[PDB]
Amino acid sequence: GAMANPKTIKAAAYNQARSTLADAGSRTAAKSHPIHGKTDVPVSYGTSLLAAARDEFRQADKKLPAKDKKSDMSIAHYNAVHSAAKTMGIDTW
């Protein structure tokens, strides 16, 4: 379903979400840290990491045209940000 986020998100999704981005680099995550020894965090927490990379990737493919990018990011970057969202179970960040 769309237009709705999960009440919470497994910590594993956070570390796994940021990890995937690490392949290309983390702008916000670089200053922030993952989640450990925690039962579970709210979607609001995961969305921060998802949106952080989403906007960041947008700058990476800034040299490329809008047609050569999905929405506002390179198809290559979109796969990274999307891969994390899948683990976080969010679709409205």
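Definitions and cut-offs
Residues numbered from 1 in each chain as written, not as in the entry; some residues may be left out. Heavy atoms only, no water. Helix = DSSP H or I, 4+ residues; strand = E, 2+ residues; numbered from the N terminus. Rg over C-alpha atoms; globule rule 2.2 N^0.38 Å. Buried < 20%, exposed > 50% of the residue type's maximum accessible area, 1.4 Å probe, protein only. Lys, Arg positive; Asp, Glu negative; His and termini not counted. Charge placed at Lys NZ, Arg CZ, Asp CG, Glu CD. Core = buried A, V, L, I, M, F, W, Y, C linked by side-chain atoms within 4.5 Å. Contact = heavy atoms within 4.5 Å. Salt bridge = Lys/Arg side-chain N within 4 Å of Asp/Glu carboxyl O. Axes fitted to C-alpha atoms, helices over the stretch in contact; angles between N-to-C directions. Parallel < 35°, antiparallel > 145°, perpendicular 65-115°, else oblique. Nonpolar A, V, L, I, M, F, W, Y, C, P; charged D, E, K, R; others polar.

(A) Main features of the overall build of the chain. Scanning the chain from terminus to terminus reveals three helices and two strands. In the chain, the succession of helices and strands from N to C terminus is β-α-β-α-α. The globule rule puts the C-alpha radius of gyration for 93 residues at 12 Å, and the 13 Å found for the chain is close to it. Reported as C-alpha extents along the three principal axes, the dimensions of the chain are approximately 40 × 30 × 15 Å. The burial tally for the chain puts 31% of its 93 residues in the buried class. Once the 14 positive and 8 negative side-chain charges of the chain are each reduced to a mean point, those two points are 2 Å apart.

(B) Region of the structure containing the nonpolar core. By size, the foremost hydrophobic cluster in this structure holds 20 residues, and its most contacted members are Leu-21, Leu-50, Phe-57, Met-88 and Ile-90. Every element with two or more residues in this core is listed here: α1 (11–22), α2 (43–60) and α3 (75–88). Here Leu-21 is in contact with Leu-49, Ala-53, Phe-57, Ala-80 and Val-81, once residues within four sequence places are set aside.

(C) Spotlight on the side chain of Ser-74. When you line up the elements, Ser-74 lands in the loop between α2 and α3. Relative accessible area serves as the criterion here: at 11%, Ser-74 is assigned to the buried category. In this structure, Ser-74 is in contact with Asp-61, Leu-64 and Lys-69, ignoring residues within four places of it in sequence.

(D) Representation of the pattern of salt bridges in the model. Scanning the model with the defined rule gives two salt bridges in all. Between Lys-69 and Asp-61 there is a salt bridge; the shortest N-O distance is 3.6 Å.

(E) Region of interest: the side chain of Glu-56. Residue position: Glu-56 is located in helix α2. There is no salt bridge for the buried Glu-56, and the closest opposite charge comes from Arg-27, which lies 6.2 Å off by N-O distance.

(F) Local environment of the packing of α1 against α3. As a packed pair, α1 and α3 sit with axes 8 Å apart at the nearest point and diverge in direction by 170°. One way to sum up the angle between α1 and α3 is to call them roughly antiparallel. Here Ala-13, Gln-16, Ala-17, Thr-20 and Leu-21 of α1 lie close against α3, whose contacting residues are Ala-80, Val-81, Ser-83, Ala-84, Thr-87 and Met-88. Partitioning the contact of α1 with α3 into residue classes produces seven nonpolar, four polar and no charged.

Purely geometric numbers; function is a separate question.
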